[PDB]
Structures are given as C-alpha cells and as structure tokens.
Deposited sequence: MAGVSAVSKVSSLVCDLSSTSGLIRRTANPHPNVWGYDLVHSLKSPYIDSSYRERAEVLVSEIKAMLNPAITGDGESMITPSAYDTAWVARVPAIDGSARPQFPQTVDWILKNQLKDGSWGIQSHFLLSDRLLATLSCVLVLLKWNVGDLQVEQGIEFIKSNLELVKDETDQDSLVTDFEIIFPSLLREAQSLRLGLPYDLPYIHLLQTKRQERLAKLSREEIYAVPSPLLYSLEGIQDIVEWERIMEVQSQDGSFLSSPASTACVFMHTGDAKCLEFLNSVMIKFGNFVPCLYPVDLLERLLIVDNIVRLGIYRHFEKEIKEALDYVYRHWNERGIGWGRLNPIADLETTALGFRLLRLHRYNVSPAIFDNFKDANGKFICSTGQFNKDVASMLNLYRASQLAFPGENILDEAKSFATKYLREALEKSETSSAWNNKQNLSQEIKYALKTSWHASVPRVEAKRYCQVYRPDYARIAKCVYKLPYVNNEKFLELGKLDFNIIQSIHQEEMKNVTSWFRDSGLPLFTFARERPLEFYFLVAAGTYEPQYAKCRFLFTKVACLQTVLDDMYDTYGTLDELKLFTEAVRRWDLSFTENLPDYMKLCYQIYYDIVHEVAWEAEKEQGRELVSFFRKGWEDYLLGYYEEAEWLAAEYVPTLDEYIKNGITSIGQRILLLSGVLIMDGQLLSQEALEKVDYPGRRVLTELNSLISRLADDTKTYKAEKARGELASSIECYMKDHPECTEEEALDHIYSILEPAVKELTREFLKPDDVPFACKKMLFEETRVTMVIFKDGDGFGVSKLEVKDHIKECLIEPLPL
C-alpha cells in the first residue's frame, strides 16, 4: 500500500497509441450511430419471421392468386434454420421458435409452396411440444404467446396438420388464454388504445373490424405490429394499414421486424448504454441530438417505444424521464400519473417488459427533486414489485438465467444512485454489457445500435486508459506526501490514496489532474488538523494555533509548540499554493476568499474544541450550525472546484454553488457529510443523535436516528436539484461538487452507527484505481 504499491504499478495504457486507438473507436461509433440519430437509418432491428409470415399472407390487391409482397415468401423459404424452426440462430427460445415456425408453416401452405420447409417446420413444432413436461419447461414467453398460440394452433387443426393438439400443455395454454380474455373490456377495445392492439391477429373472433379503426395509429399500424396490421388489412382493406405495411417493406426489403418504429426507445437505449459504459464524454453531440429528438416527442401523456404509439409505454417513459432529467431537460414526474389506476398498475404484458418497466421506474424515482411525492410513491411500488419478481418462477427461466436477470434485479435493489462510485459503476457495467444481447417482444430481436462490440471495446479501453493516467498521478501524490512533512504527525493516520480516490472516482477526466492533486493535498492536511483540534491538541495549544490562523504571519509561530510550528508552515504553504493555482485559472484575486474560508473552518474547529474541554453538549441546532462549517467539506471542495482546467467561475457564478448559510451545493454537501458521518458512526464529544436526545429527553435513540434521516433525505433531494438545475454555472464544476458527495455517501452508506468499513474502502480503491479491466 501507499508509496511502494503505487510506484510498483506500470500500466501500458498510458502510451499515446492507446488513446489514439480509442479515438478511432470514437470515430467509428459516431459513424455507426449517424443514421440512427441524424439520418433515416433509424430503427435498426432484426427480422421477425413470425411477422414476416403474417405480411406474406396478404393477397395481391389486384385480385390475382398470389401474395401482395412476394419477396416475404421468398425470404421465408430461404431463412429456415437447420432444425426446421425460424428465428435467430444465436439464441434459442422455445415460445419464439414455436410461434414463428407455426406462423411460417401456415403461410407457406396458404400459397402452396415450400413443401419441404413445411415438413421440417411441422416436425420441429411436434418434436418440441412433446418435450414440454411441465410449466417450468416452457421457458420465457414472447408477447401474448398464451393468447396467440392457441389461435394459430386451431388454424392448423382445421387444416388437419399432424400436430399434437391434445397435449396437456396445449390445454393449459387455452386455459391461460381464457383467463387473460376474461379481464378484457371488449367495448373499450374500440375506444381506448390498449396493449392488445399489438396482437389482434390472435383474437380475430373477438374483434369487430368495423369499429377497430378508431384506435389505429397515425401511421396506419396497430400498435406498431406488422402482423397485427396485416390482419386488420386482410379483414378491412383499410388503405392506411396497407401504407404501413408498404413503409416497412420499403425500409427493410424482404422482411419485417416485430415492432416498428422503435425510434424513441432505441435512441434512449443508445444513450443509456453509452452513459452506463462510462464513455459518454466522447459523444456529447450525439447524445444531445438523440435526446433533443426524444424531448420533441415528450408529452404529458407519456411516450411509447415509437413516436406514433397511441398509448404510452412505462418502460420507455421511465427511461426517458430519467435520461432527460439527468441531461438537464425539464421534465415532470406527473407523467407517471398516466400509469396509475386511480396508484400504479404495470404488470399486465410480457414478463421481461414488465420487469424492465419497473427497473426503469425504480431508477427514475431516485432522481427526485424536493416535493416530488409521486416519485417517493413510485420508488416504494417499484421496490415491492422487484422484490416480488425475485420470488417468481418466471425470473428463473432458462432464458432469464442465461441473462442473469435475478442478479441484475438484486444489483439494482442494493444500488443507490446517490451512493455510487461513478468510475466503479462504469467498470462493473463493462463486465455485464452484452454486445449480442437479445430482447423479447412478439419475437426475440436485437438492436445492433444499442448492443454491439464497438461500444464494449471502447468502454474497456477508455476505462483502462483513464485508470493508467490516475496511476501516474498517484505516484505524484504519494511522492509529494512523503516529502510534505505531513507524515511527521504520527497522531494522524496517513491516507493520501483514500483522499485521492474521493475525488478521482468521480472527477476522472484527464484535463483535471490539477484539481485532483490540490484536492488531495488539502484533504491530507485537513485530516491532520482535524485530529489536532478534536483529539491531540490541548485547548491552550489550540487557542495559540487559532490565533496564528487569524494572523496569517509565519513569524508569529515562534510562540507555538514545535509540532504546531511545523503544522502551521505546511498549512500556510498549501493554502497559498491552492490560492495561486486558483488565481491562475480564474484570472482574479482569490487569496482573501480562501483565507476567509480557512479561518471560518478552523474557527469552527476551535468552537468544537471549547465544547470538548467543557464537556458541553450542544443543541441539535447549534451542532448542525457548527458542523456545516467545521466538517471542512466546503473549503476542501473549493480547493478543487476553482482549479478545473478551462472552467471559469465568476464571483457571481460561484455564489450559486457556494454560500455559507444558504442551501447551495457546498452547503448541502457539508450538511450531508456531517449527518451521514454521524449515522454511520457516532456509535463507535457528542454527535447529532446525542444532541437531539438532549433536546428531547423522553425520545429514544431510535426516534433520534430517524430524525437525523428526516433531515438527510430532503437535503439529498435538494442536492440533486441544485446539481441538475439549468443555470450558467459551468456544468463540470457542479458535477465535481455533486460527484464528491456521491462518493462520500458511498463511504457512509447504510448508517447503523457501527462505523465505516476500512476493508471496503481499500476494496473500492483496488477496484477503481489499481486493477485494470482484462482486454
């Protein structure tokens, strides 16, 4: 550890060639995404054999005995898999293969072609249905499988196809279809758009086609489904239905996907993945262009996966809310009212979609601003939902196990967005992100703009490069520390890497080396000062030191005890080094501002030292007043935020994020730090807990701890709003302040009074700064 460990590190990723390579990857990714965000190559999604077979059913509008879209028949004939099924070869899902295969078999029979394909397809369906022994063998179900498959299978039965219609599993599916259809408000199908519109081809005996046009999408589709639209067309001859089918054929050529368009969801998924991989800083232009498009279509009623959906989609809406707010767009959590029954109700469609919607709702709820009760309500509901989902058999299907769904849900629930280490979350996501991830709707599908090898290649390389740069900085840090004189204060533990981690895990960009270096120096100094005032120093010694603090005179130190003479000299040097660097970056005088900051901090320590000497227990009000100042976060934060390469802070701009006595970023960070610290420790003078109990002699320790949290929770919401709020403060500065708070909140998370885990701190340093990602 310390000097020896850090100087033993020899990372290859520091060489310029690695960054040059990453820049090639960045250019390649910009070119890849260009059609999606700026061109007309939006909605890149794999073929749906199931839907393609429905489109193939449509007879020629000229009345001749052939398909209107004969290229779809040719596609089907040429794309059977080796086992006789149709679907995506890389991923096997039973329900997907069963549905697509029966769909293709029937249309080939309709047109009296592909006799060999039909024979092989029928064998696949029969063969595989007979392997289903019980419910737990069925695996994950494609959208509305229970509704559609019995219907499609009855079509086959009327043609007397050699399939096992009398299997228990078949009877069970009909039972499930009945239980789904029982909750159906049929009269409302025609009046209120609903998820069932995605699958009209499965409920043909129920739908009055003469009334169904009222809920058609503006593009002519029925909830973006080619199959459902093809069905309505064949029953109605509706011109707009045909226009939709034509538009999809024009786009894809000789097949159709199971959803179209997916313009909103795809854009959001692209952004979400780029952000989670930690590579977002390379794609500011593309992220803005993507989210600007989503925002244009953002409305009070929510959004669907495609901009023309006549009903909103919780998955896409919750994802949109979070990403838009995170990128400083003005959105309101009142959009979630669109998904309440009159509270929430999502849990009706297919399982992966429902789980995804709730994961997204859970994540969105954590970005709550003050007074947003609906998001507190959303958090509760989603948490309960996800905990229940963990106990469901569907969660442990072969398909879900292969994708580690249970693990993903568990990780989400144990993870607080506020109490996260940003660099570590990106590192962890690089280990979970799948270039070949397969999604489920009417069929299994992929979105190559979202899931691809280039994203991951860049994610791993970029992480390693940044880390190697930090490793060189840590050599500088430990080298400085060794020669600084600070190690002479043997009453204080040496922790330079812990303090470097506090800033570097959130403010990681290469250009902010000076910020990280100066922040670390000040944090090292402060830990000595803290131990001196609250432990080592006598009140009479501290009175002397505090007088020297007022004087700003090196010559005055002749009065101090030897250890204080040295301490004062180091303190004086660090303060003025930071100030010179700040003045250089900011182009204005800042020595006076820094000096006032330091004296307020240390005068705060001295007040505390007087209390200790007198065994005085403050009121909670006086404790918090003192604590916001004496905790030292304000002056530490200032020692980094004013020296960020290229980030100009006028006095006016600075006062927006730093202003003692006001609820701005540095003040809220100070309050959060003080109180989070207390909740985590305090059990291991007097803390906020103990002060509250003096104020309330009859209250229990339990009530006391609850009270401290009642102060913390609102503070965290304010911190979030202050961070994300639109203003003219350089965003890099606000992010630096916010990210230091997030890393602090990690150190103090799950406050039970027990104390901070030293082994976990070391583990965070190992993961973040020491161990690279394997390439």
Ranges of the deposited sequence (numbered from 1) for which no C-alpha atom is modelled: 1-34, 377-378, 721-726
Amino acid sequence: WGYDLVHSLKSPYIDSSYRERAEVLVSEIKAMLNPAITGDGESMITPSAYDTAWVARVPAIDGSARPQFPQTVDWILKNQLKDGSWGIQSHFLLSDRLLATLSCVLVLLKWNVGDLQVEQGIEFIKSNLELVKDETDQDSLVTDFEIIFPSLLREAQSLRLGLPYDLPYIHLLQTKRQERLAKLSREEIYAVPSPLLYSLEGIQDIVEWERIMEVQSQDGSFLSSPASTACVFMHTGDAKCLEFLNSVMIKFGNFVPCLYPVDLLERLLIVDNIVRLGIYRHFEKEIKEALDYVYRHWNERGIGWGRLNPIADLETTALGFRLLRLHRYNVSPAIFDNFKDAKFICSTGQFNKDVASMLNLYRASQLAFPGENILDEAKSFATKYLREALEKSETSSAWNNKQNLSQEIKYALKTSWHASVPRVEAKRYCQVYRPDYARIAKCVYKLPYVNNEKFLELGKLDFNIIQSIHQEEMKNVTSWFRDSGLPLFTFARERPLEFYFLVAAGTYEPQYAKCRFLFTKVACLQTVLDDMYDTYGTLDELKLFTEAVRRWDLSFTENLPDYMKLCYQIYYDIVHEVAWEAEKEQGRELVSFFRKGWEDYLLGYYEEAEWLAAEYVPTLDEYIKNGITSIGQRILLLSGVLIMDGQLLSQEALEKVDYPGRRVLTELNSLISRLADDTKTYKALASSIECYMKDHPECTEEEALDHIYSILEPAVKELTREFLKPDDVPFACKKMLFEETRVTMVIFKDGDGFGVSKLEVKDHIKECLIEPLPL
From here on, numbers count along this sequence of modelled residues.
Coordinates lacking for residue 343, a third or more of other entries: yes
436-444 versus 390-398 - which carries the larger mean C-alpha B factor in the record: 390-398
Average Cα temperature factor in the PDB entry - higher stretch of 709-717, 25-33: 709-717
Selection by C-alpha B-factor (highest) of 689, 523, 382, 635: 689
Highest recorded Cα temperature factor - choice among 623, 508, 411, 75: 623
Record-listed C-alpha B factor of residue 741: chain third: middle
Lowest, middle or highest third - CA B-factor, residue 263: lowest
B-factor third for the C-alpha atom of residue 68 within its chain: middle
Relative C-alpha B-factor of residue 427, binned into the chain's lowest, middle or highest third: lowest
Third of the chain, ranked by Cα B-factor, where residue 769 sits: lowest
